[PDB]
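Source file: upload-v5.pdb; contents: PDB, C-alpha atoms.
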ATOM      1  CA  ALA A  98       8.150 -17.529  -6.035  1.00  0.00           C
ATOM      2  CA  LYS A  99       9.700 -17.106  -2.578  1.00  0.00           C
ATOM      3  CA  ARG A 100      10.822 -13.613  -3.614  1.00  0.00           C
ATOM      4  CA  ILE A 101       7.234 -12.908  -4.728  1.00  0.00           C
ATOM      5  CA  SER A 102       5.652 -14.533  -1.660  1.00  0.00           C
ATOM      6  CA  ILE A 103       7.600 -12.183   0.655  1.00  0.00           C
ATOM      7  CA  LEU A 104       7.659  -8.875  -1.242  1.00  0.00           C
ATOM      8  CA  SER A 105       3.892  -8.911  -1.966  1.00  0.00           C
ATOM      9  CA  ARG A 106       1.967  -9.956   1.159  1.00  0.00           C
ATOM     10  CA  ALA A 107       4.133  -7.677   3.329  1.00  0.00           C
ATOM     11  CA  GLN A 108       3.231  -4.613   1.228  1.00  0.00           C
ATOM     12  CA  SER A 109      -0.443  -4.911   0.155  1.00  0.00           C
ATOM     13  CA  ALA A 110      -1.900  -4.882   3.679  1.00  0.00           C
ATOM     14  CA  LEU A 129       3.432 -17.965   9.298  1.00  0.00           C
ATOM     15  CA  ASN A 130       3.226 -18.946   5.619  1.00  0.00           C
ATOM     16  CA  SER A 131       4.705 -22.171   4.232  1.00  0.00           C
ATOM     17  CA  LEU A 132       5.365 -22.376   0.499  1.00  0.00           C
ATOM     18  CA  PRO A 133       5.584 -25.795  -1.200  1.00  0.00           C
ATOM     19  CA  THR A 134       7.632 -26.868  -4.187  1.00  0.00           C
ATOM     20  CA  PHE A 135       5.925 -25.617  -7.329  1.00  0.00           C
ATOM     21  CA  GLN A 136       4.698 -27.941 -10.067  1.00  0.00           C
ATOM     22  CA  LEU A 137       6.015 -27.679 -13.621  1.00  0.00           C
ATOM     23  CA  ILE A 138       3.216 -27.879 -16.176  1.00  0.00           C
ATOM     24  CA  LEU A 139       4.508 -27.588 -19.714  1.00  0.00           C
ATOM     25  CA  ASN A 140       2.619 -27.454 -23.008  1.00  0.00           C
ATOM     26  CA  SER A 141       3.965 -28.121 -26.493  1.00  0.00           C
ATOM     27  CA  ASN A 142       2.683 -27.449 -30.009  1.00  0.00           C
ATOM     28  CA  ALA A 143       5.170 -29.759 -31.721  1.00  0.00           C
ATOM     29  CA  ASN A 144       4.528 -32.999 -33.585  1.00  0.00           C
ATOM     30  CA  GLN A 145       2.153 -35.419 -31.865  1.00  0.00           C
ATOM     31  CA  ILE A 146       3.346 -39.027 -31.739  1.00  0.00           C
TER      32      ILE A 146
ATOM     33  CA  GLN B  95      11.588   4.510  39.866  1.00  0.00           C
ATOM     34  CA  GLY B  96       8.459   2.382  40.308  1.00  0.00           C
ATOM     35  CA  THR B  97       8.654   0.443  37.043  1.00  0.00           C
ATOM     36  CA  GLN B  98       8.503  -3.352  37.109  1.00  0.00           C
ATOM     37  CA  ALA B  99      11.724  -5.263  36.444  1.00  0.00           C
ATOM     38  CA  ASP B 100      12.300  -8.998  36.328  1.00  0.00           C
ATOM     39  CA  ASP B 101      14.779 -10.548  38.755  1.00  0.00           C
ATOM     40  CA  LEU B 102      17.674 -10.751  36.314  1.00  0.00           C
ATOM     41  CA  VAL B 103      20.199 -11.601  39.051  1.00  0.00           C
ATOM     42  CA  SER B 104      18.326 -14.716  40.200  1.00  0.00           C
ATOM     43  CA  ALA B 105      17.626 -15.813  36.618  1.00  0.00           C
ATOM     44  CA  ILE B 106      21.326 -15.503  35.766  1.00  0.00           C
ATOM     45  CA  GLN B 107      22.265 -17.356  38.959  1.00  0.00           C
ATOM     46  CA  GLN B 108      19.929 -20.230  38.059  1.00  0.00           C
ATOM     47  CA  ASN B 109      20.542 -20.563  34.293  1.00  0.00           C
ATOM     48  CA  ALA B 110      23.859 -18.803  33.588  1.00  0.00           C
ATOM     49  CA  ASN B 111      24.747 -20.896  30.521  1.00  0.00           C
ATOM     50  CA  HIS B 112      21.786 -19.426  28.617  1.00  0.00           C
ATOM     51  CA  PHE B 113      22.439 -15.895  29.850  1.00  0.00           C
ATOM     52  CA  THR B 114      26.002 -15.960  28.522  1.00  0.00           C
ATOM     53  CA  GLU B 115      24.595 -16.266  24.996  1.00  0.00           C
ATOM     54  CA  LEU B 116      21.821 -13.760  25.760  1.00  0.00           C
ATOM     55  CA  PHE B 117      24.364 -11.177  26.946  1.00  0.00           C
ATOM     56  CA  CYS B 118      26.535 -11.860  23.890  1.00  0.00           C
ATOM     57  CA  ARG B 119      23.516 -11.261  21.636  1.00  0.00           C
ATOM     58  CA  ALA B 120      22.680  -8.035  23.480  1.00  0.00           C
ATOM     59  CA  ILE B 121      26.299  -6.842  23.222  1.00  0.00           C
ATOM     60  CA  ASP B 122      26.506  -7.680  19.508  1.00  0.00           C
ATOM     61  CA  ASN B 123      23.250  -5.794  18.922  1.00  0.00           C
ATOM     62  CA  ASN B 124      24.728  -2.589  20.385  1.00  0.00           C
ATOM     63  CA  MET B 125      28.416  -2.510  19.468  1.00  0.00           C
ATOM     64  CA  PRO B 126      30.037   0.901  18.889  1.00  0.00           C
ATOM     65  CA  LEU B 127      32.044   1.530  15.760  1.00  0.00           C
ATOM     66  CA  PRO B 128      35.827   1.433  16.310  1.00  0.00           C
ATOM     67  CA  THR B 129      37.457   4.851  16.452  1.00  0.00           C
ATOM     68  CA  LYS B 130      40.798   3.221  15.616  1.00  0.00           C
ATOM     69  CA  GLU B 131      41.477   1.803  12.157  1.00  0.00           C
ATOM     70  CA  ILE B 132      43.004  -1.536  11.201  1.00  0.00           C
ATOM     71  CA  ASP B 133      46.785  -1.370  10.822  1.00  0.00           C
ATOM     72  CA  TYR B 134      49.564  -3.893  10.267  1.00  0.00           C
ATOM     73  CA  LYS B 135      50.236  -4.177  14.016  1.00  0.00           C
ATOM     74  CA  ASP B 136      46.779  -5.618  14.761  1.00  0.00           C
ATOM     75  CA  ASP B 137      46.101  -9.253  15.610  1.00  0.00           C
ATOM     76  CA  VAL B 138      45.440 -11.861  12.929  1.00  0.00           C
ATOM     77  CA  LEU B 139      42.097 -12.698  14.560  1.00  0.00           C
ATOM     78  CA  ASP B 140      41.076  -9.032  14.437  1.00  0.00           C
ATOM     79  CA  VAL B 141      41.761  -8.685  10.710  1.00  0.00           C
ATOM     80  CA  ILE B 142      40.029 -12.020  10.050  1.00  0.00           C
ATOM     81  CA  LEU B 143      36.944 -10.778  11.905  1.00  0.00           C
ATOM     82  CA  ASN B 144      37.109  -7.428  10.091  1.00  0.00           C
ATOM     83  CA  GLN B 145      37.269  -9.213   6.733  1.00  0.00           C
ATOM     84  CA  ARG B 146      34.320 -11.391   7.764  1.00  0.00           C
ATOM     85  CA  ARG B 147      32.266  -8.311   8.682  1.00  0.00           C
ATOM     86  CA  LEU B 148      33.174  -6.615   5.392  1.00  0.00           C
ATOM     87  CA  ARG B 149      32.254  -9.820   3.548  1.00  0.00           C
ATOM     88  CA  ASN B 150      28.866  -9.949   5.309  1.00  0.00           C
ATOM     89  CA  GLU B 151      28.194  -6.331   4.325  1.00  0.00           C
ATOM     90  CA  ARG B 152      29.216  -6.995   0.716  1.00  0.00           C
ATOM     91  CA  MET B 153      26.975 -10.056   0.285  1.00  0.00           C
ATOM     92  CA  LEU B 154      24.074  -8.161   1.881  1.00  0.00           C
ATOM     93  CA  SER B 155      24.563  -5.242  -0.522  1.00  0.00           C
ATOM     94  CA  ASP B 156      25.030  -7.523  -3.546  1.00  0.00           C
ATOM     95  CA  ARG B 157      21.895  -9.553  -2.815  1.00  0.00           C
ATOM     96  CA  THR B 158      19.876  -6.364  -2.272  1.00  0.00           C
ATOM     97  CA  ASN B 159      21.191  -4.859  -5.517  1.00  0.00           C
ATOM     98  CA  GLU B 160      20.437  -8.003  -7.541  1.00  0.00           C
ATOM     99  CA  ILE B 161      16.902  -8.247  -6.140  1.00  0.00           C
ATOM    100  CA  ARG B 162      16.299  -4.547  -6.889  1.00  0.00           C
ATOM    101  CA  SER B 163      17.661  -5.140 -10.396  1.00  0.00           C
ATOM    102  CA  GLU B 164      15.100  -7.910 -10.898  1.00  0.00           C
ATOM    103  CA  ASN B 165      12.091  -5.600 -10.216  1.00  0.00           C
ATOM    104  CA  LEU B 166       9.853  -8.600  -9.774  1.00  0.00           C
ATOM    105  CA  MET B 167       6.577  -6.698  -9.425  1.00  0.00           C
ATOM    106  CA  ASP B 168       7.467  -3.169 -10.688  1.00  0.00           C
ATOM    107  CA  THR B 169       5.870  -1.417  -7.705  1.00  0.00           C
ATOM    108  CA  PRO B 173       5.087   2.449  -0.742  1.00  0.00           C
ATOM    109  CA  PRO B 174       8.879   2.880  -0.577  1.00  0.00           C
ATOM    110  CA  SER B 175       9.423   2.142   3.132  1.00  0.00           C
ATOM    111  CA  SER B 176       7.336  -1.051   3.142  1.00  0.00           C
ATOM    112  CA  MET B 177       9.202  -2.073  -0.016  1.00  0.00           C
ATOM    113  CA  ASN B 178      12.550  -1.609   1.750  1.00  0.00           C
ATOM    114  CA  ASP B 179      11.295  -3.516   4.804  1.00  0.00           C
ATOM    115  CA  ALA B 180      10.150  -6.527   2.757  1.00  0.00           C
ATOM    116  CA  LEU B 181      13.351  -6.186   0.714  1.00  0.00           C
ATOM    117  CA  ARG B 182      15.676  -6.411   3.713  1.00  0.00           C
ATOM    118  CA  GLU B 183      13.484  -9.228   5.062  1.00  0.00           C
ATOM    119  CA  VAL B 184      13.929 -11.322   1.911  1.00  0.00           C
ATOM    120  CA  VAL B 185      17.625 -10.430   1.519  1.00  0.00           C
ATOM    121  CA  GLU B 186      18.631 -11.390   5.070  1.00  0.00           C
ATOM    122  CA  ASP B 187      16.605 -14.591   4.697  1.00  0.00           C
ATOM    123  CA  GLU B 188      18.233 -15.691   1.431  1.00  0.00           C
TER     124      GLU B 188
END

Using structure tokens, write down the structure that the file contains.
Amino acid sequence: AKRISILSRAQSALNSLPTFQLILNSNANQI
Amino acid sequence: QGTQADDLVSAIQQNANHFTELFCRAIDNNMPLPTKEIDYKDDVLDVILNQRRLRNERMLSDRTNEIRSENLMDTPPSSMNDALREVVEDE
């Protein structure tokens, strides 16, 4: 995301970027 | 000439320890390429520094090439190169 948060906002015309959250979904067996 | 210049002499005389590093930065910014080449009669420190400069160039080129190989948005060439060198020298 740091590579995306630099190469995008500097081209489509300070910024601190936090640690991203992992959200993960499964379709397997439900206990 | 009539243009306005700061008193660099007095500022150096008051705070010379900072201006040593400022002058070193200015010198390193504008350093001519060596006309002579590295030979076996050069100093060990010189060839160490030459290898460090070549290493810095190689990691810069490798990081730029890997990031270009990613193509992380598949898209303005000059602005692309500016943001590209900005992210490469930062990483």

| Please, what distance in Å, to one decimal, runs between CA of residue 100 (chain B) and CA of residue 116 (chain B)? | 15.0 Å

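Nearest residue to residue 108 (chain A), choosing from B:185, B:177, B:148, B:121 and counting only C-alpha atoms: B:177.
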
| query | Would you list which chain B residues are within 10 Å of chain A using only C-alpha atoms, as a VMD selection string? | reply | chain B and resid 161 166 to 167 169 173 to 185 188

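Here CA of residue 187 (chain B) stands at a distance of 13.7 Å from CA of residue 156 (chain B).
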
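The smallest atom-to-atom distance between residue 132 (chain B) and any of B:151, B:144, B:165, B:108, using all atoms listed in the file, is found for B:144.
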
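What separates CA of residue 118 (chain B) from CA of residue 102 (chain B) is a distance of 15.3 Å.
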
Centre and edges of the region 109-134 of chain A box, axis-aligned, 5 Å extra per side, as lines of an AutoDock Vina configuration file:
center_x = 2.9
center_y = -15.9
center_z = 2.6
size_x = 19.5
size_y = 32.0
size_z = 23.5
